[PDB]
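Following: one structure in structure tokens, then a few remarks.
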Amino acid sequence: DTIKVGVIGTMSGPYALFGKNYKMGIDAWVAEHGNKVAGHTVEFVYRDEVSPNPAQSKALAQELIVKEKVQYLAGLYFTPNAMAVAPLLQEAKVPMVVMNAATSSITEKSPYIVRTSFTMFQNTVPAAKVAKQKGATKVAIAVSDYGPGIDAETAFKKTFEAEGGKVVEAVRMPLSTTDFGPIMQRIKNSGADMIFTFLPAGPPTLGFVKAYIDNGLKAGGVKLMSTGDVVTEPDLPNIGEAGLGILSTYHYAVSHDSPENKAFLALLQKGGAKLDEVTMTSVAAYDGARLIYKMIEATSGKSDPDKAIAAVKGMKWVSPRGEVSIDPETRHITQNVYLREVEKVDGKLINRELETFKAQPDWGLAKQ
Ligand code: NA
């Protein structure tokens, strides 16, 4: 009668907050909705992804399938880890609800993947539109050198150049980069008036932003446009008031002003989470738990991945982030993308949402 769900996330190490947020978001879901579905108890089992390490995530998934007999897998912070698990799913008859990894093609790697996070194209196409609206003419792109960074670079170049913008520099930064000073010097030298950047949220984003400020680019009038990965709320106090004014596009802000988001923050606090630790992976986990409960109801708690996936395709609901749906073609969450600016409101640094771009699909797949 117990159905287990195996959640793989960054539970320890440099990215620990992001995996802790999967547990926070699932705990919030359970605080509201309970742990019973279709006459079964649902139990979430957590395993630690740690870092980009495909073989490790493959092995964790296989252990969860064999030893824990999970009916569903979920989580996956890093793209390469999600890619390692994807080819297992159909033979194992276990769906995977991706709660972060954001490279567009992940959903194409199995019929049994559904994604409740975001894609890089989805958030980057609005960033390029806003860059043009804000008067940028020459942009330097700097992205981490792996799947989602390459998607962000491609999306920004294509969209910005179609708007008449020029990309004057494009740097793919190794994931291991910790000293960002030389990159900042290269950007200065390029004469770009704006930077567009993505790095995975965690130490790389903190380092990049601090170098952008401390090397004087921000005060020198080189504006920063990022995806929201680069300015996650728990790092705003670590950047401090020097981060005021940084622009980003993203599908979720802790400051989102809606009744559903206010209720979600209350549930996070009631499930045991702290507000200044809340990140985007919590909302992807909360919505991913909704989809898992729907799949269990649709299948009466029996393993039947074809019926489970069919039940979530086309589903529409109001998330804490805004109105969302699962596109049946891509199995990716269609959602608003917001333009935000780092602001201080009632003594707190937040990403204030200034503009909405409604109902964005995964632009990386939508024109195929
Ligand atoms: Na597809």
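Going by the structure tokens order, chains are called A, B, ..., each with residues numbered from 1, while ligands are numbered from 1 in the order shown.
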- Would you mind listing what lies within 8 Å of segment 125-127 of chain A as a VMD selection string, with only C-alpha atoms counted and same-chain residues fewer than 3 positions away left out? chain A and resid 121 to 122 130 to 131 155 to 156 159 225 to 227 248 to 249 337 339 357 363
- Task: If you run DSSP over the backbone, which residues in segment 146-310 of chain A end up alpha helix (DSSP H)? Put them as a VMD selection string.
- Result: chain A and resid 147 to 162 181 to 190 203 to 214 236 to 239 259 to 270 280 to 298 305 to 310
For the selection just defined, write its residues with C-alpha atoms to a file, as a compact mmCIF listing (two decimals), in the first residue's frame.
```txt
# COMPACT_ATOMS: atom_id res chain seq x y z
CA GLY A 147 24.15 21.84 -21.93
CA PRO A 148 21.97 24.60 -20.45
CA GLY A 149 24.63 27.31 -21.00
CA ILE A 150 24.93 26.35 -24.68
CA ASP A 151 21.10 26.50 -24.99
CA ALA A 152 21.07 29.98 -23.33
CA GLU A 153 23.81 31.28 -25.65
CA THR A 154 22.01 29.95 -28.78
CA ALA A 155 18.64 31.33 -27.64
CA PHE A 156 20.03 34.77 -26.82
CA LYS A 157 22.08 35.10 -30.05
CA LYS A 158 19.17 34.05 -32.26
CA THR A 159 16.57 36.27 -30.57
CA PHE A 160 18.73 39.37 -29.98
CA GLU A 161 20.21 39.29 -33.49
CA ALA A 162 16.73 38.93 -35.03
CA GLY A 181 38.45 38.50 -13.02
CA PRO A 182 39.97 37.62 -16.42
CA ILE A 183 36.49 37.18 -17.96
CA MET A 184 35.48 40.62 -16.67
CA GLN A 185 38.57 42.15 -18.25
CA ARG A 186 37.72 40.46 -21.57
CA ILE A 187 34.16 41.86 -21.32
CA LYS A 188 35.50 45.38 -20.58
CA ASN A 189 37.74 45.09 -23.63
CA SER A 190 34.83 44.06 -25.87
CA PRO A 203 28.78 29.21 -6.01
CA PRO A 204 29.37 29.99 -9.73
CA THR A 205 26.62 32.64 -9.82
CA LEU A 206 27.74 34.23 -6.60
CA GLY A 207 31.33 34.44 -7.90
CA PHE A 208 30.35 35.85 -11.26
CA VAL A 209 28.13 38.61 -9.81
CA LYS A 210 30.67 39.60 -7.17
CA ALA A 211 33.40 39.84 -9.86
CA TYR A 212 31.09 41.92 -12.14
CA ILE A 213 30.60 44.42 -9.28
CA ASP A 214 34.12 44.33 -7.79
CA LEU A 236 20.72 38.27 -2.63
CA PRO A 237 21.95 39.14 0.92
CA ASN A 238 25.37 37.73 0.00
CA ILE A 239 25.65 40.07 -2.91
CA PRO A 259 -2.81 34.36 -3.25
CA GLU A 260 -1.37 31.02 -4.29
CA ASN A 261 2.20 32.16 -3.71
CA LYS A 262 1.28 33.62 -0.29
CA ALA A 263 -0.31 30.29 0.62
CA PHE A 264 2.75 28.36 -0.65
CA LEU A 265 5.13 30.48 1.46
CA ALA A 266 2.94 29.83 4.53
CA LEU A 267 3.01 26.08 3.77
CA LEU A 268 6.82 26.17 3.37
CA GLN A 269 7.07 27.75 6.81
CA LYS A 270 4.52 25.22 8.23
CA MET A 280 12.95 28.11 -7.44
CA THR A 281 13.52 24.35 -6.93
CA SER A 282 10.88 24.41 -4.14
CA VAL A 283 8.09 25.49 -6.47
CA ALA A 284 9.17 22.94 -9.11
CA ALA A 285 9.01 20.29 -6.36
CA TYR A 286 5.60 21.45 -5.09
CA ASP A 287 4.17 21.32 -8.65
CA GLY A 288 6.02 18.04 -9.35
CA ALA A 289 4.35 16.49 -6.28
CA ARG A 290 0.96 17.65 -7.68
CA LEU A 291 1.71 15.77 -10.93
CA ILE A 292 2.82 12.64 -9.04
CA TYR A 293 -0.44 12.68 -7.02
CA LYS A 294 -2.39 13.05 -10.28
CA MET A 295 -0.50 10.11 -11.87
CA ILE A 296 -1.17 7.91 -8.82
CA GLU A 297 -4.91 8.77 -8.93
CA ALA A 298 -5.11 8.17 -12.68
CA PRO A 305 3.51 4.87 -17.03
CA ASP A 306 1.59 5.23 -20.31
CA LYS A 307 -1.64 6.02 -18.39
CA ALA A 308 0.25 8.20 -15.84
CA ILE A 309 1.90 10.37 -18.51
CA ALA A 310 -1.35 10.65 -20.51
```
- Query: Neighbours of residue 322 of chain A within 8 Å (only C-alpha atoms; same-chain residues fewer than 5 positions away dropped), as a VMD selection string?
  - Reply: chain A and resid 258 335 to 336
At a cut-off of 9 Å, can you tabulate as a tab-separated table every residue of chain A near ligand 1 together with its closest atom pair and the distance in Å to one decimal, using only C-alpha atoms and all ligand atoms and ordering rows by chain then number?
```
residue	atom	partner	partner_atom_place_in_ligand_line	distance
A:105	CA	ligand 1	1 (Na)	8.0
A:107	CA	ligand 1	1 (Na)	6.5
A:108	CA	ligand 1	1 (Na)	5.2
A:109	CA	ligand 1	1 (Na)	8.9
A:111	CA	ligand 1	1 (Na)	8.7
A:328	CA	ligand 1	1 (Na)	8.6
A:329	CA	ligand 1	1 (Na)	5.5
A:330	CA	ligand 1	1 (Na)	4.0
A:331	CA	ligand 1	1 (Na)	7.1
A:332	CA	ligand 1	1 (Na)	8.7
A:365	CA	ligand 1	1 (Na)	6.7
A:366	CA	ligand 1	1 (Na)	8.4
A:368	CA	ligand 1	1 (Na)	8.8
```
Any chance you could export the current selection's N, CA, C and O atoms as a JSON list (two decimals), in the first residue's frame?
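See again38.json below for the written result:
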```json
[["chain", "number", "residue", "atom", "x", "y", "z"],
["A", 105, "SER", "N", 16.31, 19.63, -24.72],
["A", 105, "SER", "CA", 16.20, 18.29, -25.27],
["A", 105, "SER", "C", 15.98, 17.20, -24.23],
["A", 105, "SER", "O", 15.72, 16.06, -24.62],
["A", 107, "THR", "N", 13.47, 16.46, -22.41],
["A", 107, "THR", "CA", 12.15, 15.81, -22.54],
["A", 107, "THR", "C", 12.08, 14.89, -23.76],
["A", 107, "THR", "O", 11.24, 14.00, -23.77],
["A", 108, "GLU", "N", 12.95, 15.11, -24.74],
["A", 108, "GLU", "CA", 12.95, 14.26, -25.93],
["A", 108, "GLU", "C", 13.63, 12.92, -25.69],
["A", 108, "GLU", "O", 13.59, 12.06, -26.56],
["A", 109, "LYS", "N", 14.25, 12.73, -24.52],
["A", 109, "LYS", "CA", 15.05, 11.52, -24.31],
["A", 109, "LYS", "C", 14.24, 10.35, -23.70],
["A", 109, "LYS", "O", 14.77, 9.25, -23.56],
["A", 111, "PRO", "N", 9.76, 9.02, -23.38],
["A", 111, "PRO", "CA", 8.34, 9.39, -23.37],
["A", 111, "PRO", "C", 7.81, 9.62, -21.95],
["A", 111, "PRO", "O", 6.74, 10.19, -21.79],
["A", 328, "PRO", "N", 1.15, 19.02, -24.03],
["A", 328, "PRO", "CA", 1.21, 17.57, -24.38],
["A", 328, "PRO", "C", 2.29, 17.25, -25.40],
["A", 328, "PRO", "O", 2.76, 16.11, -25.44],
["A", 329, "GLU", "N", 2.65, 18.20, -26.26],
["A", 329, "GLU", "CA", 3.61, 17.86, -27.27],
["A", 329, "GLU", "C", 5.00, 17.66, -26.64],
["A", 329, "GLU", "O", 5.67, 16.66, -26.92],
["A", 330, "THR", "N", 5.42, 18.60, -25.80],
["A", 330, "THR", "CA", 6.78, 18.56, -25.25],
["A", 330, "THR", "C", 6.90, 17.95, -23.86],
["A", 330, "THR", "O", 8.00, 17.61, -23.46],
["A", 331, "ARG", "N", 5.80, 17.86, -23.12],
["A", 331, "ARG", "CA", 5.80, 17.41, -21.72],
["A", 331, "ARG", "C", 6.57, 18.39, -20.83],
["A", 331, "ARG", "O", 7.00, 18.03, -19.74],
["A", 332, "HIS", "N", 6.67, 19.63, -21.28],
["A", 332, "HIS", "CA", 7.29, 20.71, -20.50],
["A", 332, "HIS", "C", 6.25, 21.71, -20.00],
["A", 332, "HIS", "O", 5.24, 21.97, -20.69],
["A", 365, "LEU", "N", 12.19, 23.85, -28.43],
["A", 365, "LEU", "CA", 11.54, 22.74, -29.17],
["A", 365, "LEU", "C", 10.35, 23.23, -29.98],
["A", 365, "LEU", "O", 9.92, 22.54, -30.91],
["A", 366, "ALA", "N", 9.78, 24.37, -29.64],
["A", 366, "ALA", "CA", 8.47, 24.76, -30.22],
["A", 366, "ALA", "C", 8.53, 25.02, -31.75],
["A", 366, "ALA", "O", 7.50, 24.90, -32.42],
["A", 368, "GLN", "N", 10.62, 23.36, -33.87],
["A", 368, "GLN", "CA", 11.08, 22.15, -34.59],
["A", 368, "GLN", "C", 9.93, 21.61, -35.41],
["A", 368, "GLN", "O", 8.85, 21.42, -34.86]]
```
- Message: Residues near residue 166 of chain A, anyone? I mean within 7 Å using only C-alpha atoms, not counting same-chain ones fewer than 3 positions away, as a list in words.
- Response: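 Returned residues: residues 137, 138, 139 and 161 of chain A.
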- Message: So that I can check the surroundings of residue 21 of chain A, please list as a PyMOL selection string every protein, DNA and RNA residue that reaches within 7 Å of it, counting only C-alpha atoms and ignoring chain neighbours fewer than 2 positions away.
- Response: chain A and resi 17-19+23-25+278-279+281-282
- Note on the structure: residue 101 of chain A proximity check over A:315, A:76, A:83, A:60, using only C-alpha atoms: winner is A:76
